Q: 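The structure's right below; bear with me while I get my questions together.
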Amino acid sequence: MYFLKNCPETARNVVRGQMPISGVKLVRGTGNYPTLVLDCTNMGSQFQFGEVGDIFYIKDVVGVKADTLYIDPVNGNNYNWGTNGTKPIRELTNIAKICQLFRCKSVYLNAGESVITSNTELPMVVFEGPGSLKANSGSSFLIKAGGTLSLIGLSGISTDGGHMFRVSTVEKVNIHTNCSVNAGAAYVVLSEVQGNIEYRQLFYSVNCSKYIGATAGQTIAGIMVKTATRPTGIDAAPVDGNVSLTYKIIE
Amino acid sequence: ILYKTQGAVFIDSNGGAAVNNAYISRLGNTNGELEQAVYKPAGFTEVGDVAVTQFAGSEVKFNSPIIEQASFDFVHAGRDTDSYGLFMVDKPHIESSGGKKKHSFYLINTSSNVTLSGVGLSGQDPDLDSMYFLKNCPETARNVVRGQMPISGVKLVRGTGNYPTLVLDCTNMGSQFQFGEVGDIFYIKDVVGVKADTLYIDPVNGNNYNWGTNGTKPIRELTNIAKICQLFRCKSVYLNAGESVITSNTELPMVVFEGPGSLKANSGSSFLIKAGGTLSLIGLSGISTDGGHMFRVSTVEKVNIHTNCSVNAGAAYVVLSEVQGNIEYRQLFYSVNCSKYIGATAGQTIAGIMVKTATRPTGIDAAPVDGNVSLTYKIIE
């Protein structure tokens with residue numbers, strides 16, 4: 001419908017009214033700045049039958065919501081909105097942005113491994129589904145906002161070497177993992193700022209050198225690890241020296 | 001147009017057609033409510049003259065029409081097959097002598113975009129008359145309202161069907177919270193740019209037709225308080241004197257509750273906590289249940305429960321986590337009674353607890369929570 005060619009950072013291409021009844025591909029473009037705005041647009045059933053095209057070009061959304069973002073690394077299509085179960089997207093690249101725009105409460109991961117090869121932000125929502133999450137090429141999942149990130153019943157999450165969650169926000173961060181977790185020789189959580197983190201591992205299994213660490217100046221954290229399958233050797237020292245514990249619940 | 005039964009009727013293919021600055025009026029109000037529309041959609045069964053009727057996929061653009069003395073100003077139905085046909089009205093000037101009117105916008109199986117110009121009204125029947133009547137509008141439909149509400153109080157919406165579709169898009173509400181009525185809050189899907197600080201509840205004198213956001217017009221039941229608070233971004237709920245009760249599980253917004261009223265969960269129901277934040281009960285005459293757990297938490301986000309009033313959960317718990325929760329509960333003075341402060345249905349919930357009152361079940365100071373809850377901190381003398 002729209003082609004945004006080199007629209008400047010300050011420009012806005014506002015869309016109001018009602019979308020066509022039949023599905024359409026909303027936008028495509030060229031240029032380094034998103035400018036399309038959905039201002040209370042009546043999307044009809046476009047989430048189910050249409051496509052966004054290129055999500056990069058959407059600047060902001062007002063009055064349009066969706067409860068869940070669906071990902072399918074096998075049968076997904078990035079042209080899709082991703083907010084309707086029958087039209088899931090394929091990659092994780094823009095899931096933080098999409099959840100931000102549509103105020104999603106959860107992300108559903110269909111069967112298969114959803115992978116990242118460079119640092120990618122995760123929205124602070126509930127992740128569910130049979131899929132798994134993987135950080136390759138020594139990348140990390142990024143936590144840039146406060147709230148609670150929950151991984152529930154997933155096939156697991158792991159990295160091929162890098163720290164699993166890099167926290168760059170000073171707001172209260174809760175990490176709730178109810179699935180298998182494996183950060184290998186790295187940490188499950190690395191605070192890159194003077195953080196405030198609560199981490200809780202519920203059942204399944206967890207592996208890491210430290211559950212939580214920080215690059216420098218003291219980070220406060222609370223931790224609960226409820227599972228027999230853990231690095232029992234760090235029960236006495238679950239965090240690095242840059243982290244101070246508010247509470248420790250293990251065993 | 002000066003008519004008796006129907007002013008104008010637009011049906012089927014009228015793509016791109018326009019009706020600008022129309023002046024449609026019935027000649028007087030007398031017996032207008034008895035006129036029976038001749039050309040109408042199947043979905044319109046009411047009796048009363050209709051100024052403008054539209055159906056079968058007709059989507060004429062109505063710019064600044066002036067509609068007078070009509071029972072129904074506009075009756076519009078989307079196409080039967082796929083709800084096609086946007087109801088488009090920009091700045092209608094609606095008037096009626098004696099304030100006689102049934103509905104201004106009778107929308108059936110459709111979407112709409114209406115901009116108000118501060119002119120309008122709702123009928124004399126304090127129960128059935130409303131500006132909008134939304135009939136069987138599908139889940140994907142949106143009936144958007146922009147502009148300025150009428151200066152005089154009106155009842156905004158009524159409807160039939162299982163899906164909310166009305167959207168307040170930065171609507172200038174004027175003094176409608178104080179003088180008008182929402183009518184049926186169920187039909188409101190979303191609200192943008194419209195806020196209110198407090199929701200007022202009065203189980204004795206309240207009226208559910210009210211918005212509830214103005215102190216002189218409180219609502220009466222707790223059924224939709226969470227929805228209303230979420231829509232208008234309310235910061236607190238004020239409970240007027242008397243007992244506000246629920247008989248089935250009801251969500252509570254995470255805001256401050258104040259006032260002389262009390263909260264009561266009857267027939268075994270529980271209050272539901274579905275979002276993170278802080279729920280505070282300050283100075284109320286008390287909160288209690290007739291047997292169900294007091295607060296059922298279904299969110300994994302951090303939840304703070306602050307009760308500075310009398311709390312009685314009887315043989316049940318004050319808080320039951322239905323998920324792997326993260327809860328902090330603080331009881332300040334007054335009294336508290338329960339079998340356990342916090343419990344969970346399964347796989348460990350973390351909780352912090354402070355109980356500052358001598359009037360508590362001291363028998364559980366040593367074991368304040370069930371086996372599915374692990375404590376982060378415990379502050380009890």
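Any value given below was found using the heavy atoms of this structure, including those in side chains, with hydrogens, waters and symmetry copies removed. Each chain gets a letter, A, B and so on, in the order its sequence line appears, and its residues count up from 1.
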Q: If I compare all heavy atoms of B:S111 with all of A:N42, which pair ends up nearest, and what's the gap?
A: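 Shortest heavy-atom separation between B:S111 and A:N42 comes out as OG-ND2, 3.0 Å.
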
Q: What heavy-atom pair brings A:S45 and B:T140 nearest, and what distance separates the two atoms?
A: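 Shortest heavy-atom contact: CB-CG2, 4.1 Å.
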
Q: In terms of heavy-atom contacts, does CZ of A:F203 have more than 12 from other residues, nucleotides or ligands at under 6.0 Å?
A: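 Atom CZ in A:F203 is packed in, count exceeds 12.
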
Q: Does B:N20 CG have over 12 foreign heavy atoms under 6.0 Å away?
A: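 Enclosed.
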
Q: Quick one: list whatever passes salt bridge (charged side-chain N to carboxylate O under 4.0 Å, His left out) with B:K302, sequence neighbours left out.
A: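 Here the qualifying residues are A:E198, B:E328.
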
Q: Do A:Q18 and B:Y84 have side chains that get closer than 4.5 Å, going by heavy atoms?
A: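 The answer is no, as the side chains (C-beta and beyond) never meet within the 4.5 Å cut-off.
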
Q: Taking salt bridge (charged side-chain N to carboxylate O under 4.0 Å, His left out) as the test, write out the residues that go with B:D82, two or more places apart.
A: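 Once residues adjacent in sequence are excluded, the partners of B:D82 under the salt bridge (charged side-chain N to carboxylate O under 4.0 Å, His left out) criterion are B:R79.
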
Q: Do the side chain of B:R142 and the main chain of A:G17 share a donor and acceptor less than 3.5 angstrom apart?
A: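 Looks like no, no N/O pair under 3.5 Å.
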
Q: Does atom NZ of A:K248 have more than 12 heavy-atom neighbours from other groups under 6.0 Å away?
A: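 Enclosed.
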
Q: Write out, in numerical order, the residues from residues 229-246 of chain A with a heavy atom short of 4.5 Å from a heavy atom in chain B.
A: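 Within residues 229-246 of chain A, no residue comes under 4.5 Å of chain B, counting heavy atoms only.
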
Q: Is the number of heavy atoms from other residues, nucleotides or ligands under 6.0 Å of A:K25 NZ greater than 12?
A: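 Count over threshold, so yes.
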
Q: Just wondering, do B:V300 and A:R200 contact through their side chains at under 4.5 Å, heavy atoms?
A: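 Heavy-atom side-chain distance check passes, below 4.5 Å.
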
Q: Between B:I350 and A:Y247, is any pair of side-chain heavy atoms under 4.5 Å apart?
A: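 SC-SC contact between B:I350 and A:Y247 confirmed.
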
Q: Measure across A:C40 and B:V192 and return the closest heavy-atom pair with its distance rounded to 0.1 Å.
A: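 Minimum heavy-atom separation between A:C40 and B:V192: SG-CG2, 3.8 Å.
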
Q: Among B:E301, B:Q348, B:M88, which residue forms the greatest number of heavy-atom pairs with chain A at distances under 4.5 Å?
A: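 Going by pairs under 4.5 Å, I would pick B:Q348.
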
Q: Using heavy atoms and a sub-4.5 Å threshold, report which of residues 174-183 of chain A line up against chain B, by residue number.
A: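 Hits under 4.5 Å: A:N174, A:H176, A:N178.
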
Q: Should we count CG of B:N14 as having more than 12 external heavy atoms under 6.0 Å?
A: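 Counting other residues, nucleotides and ligands, CG of B:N14 exceeds 12 neighbours.
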
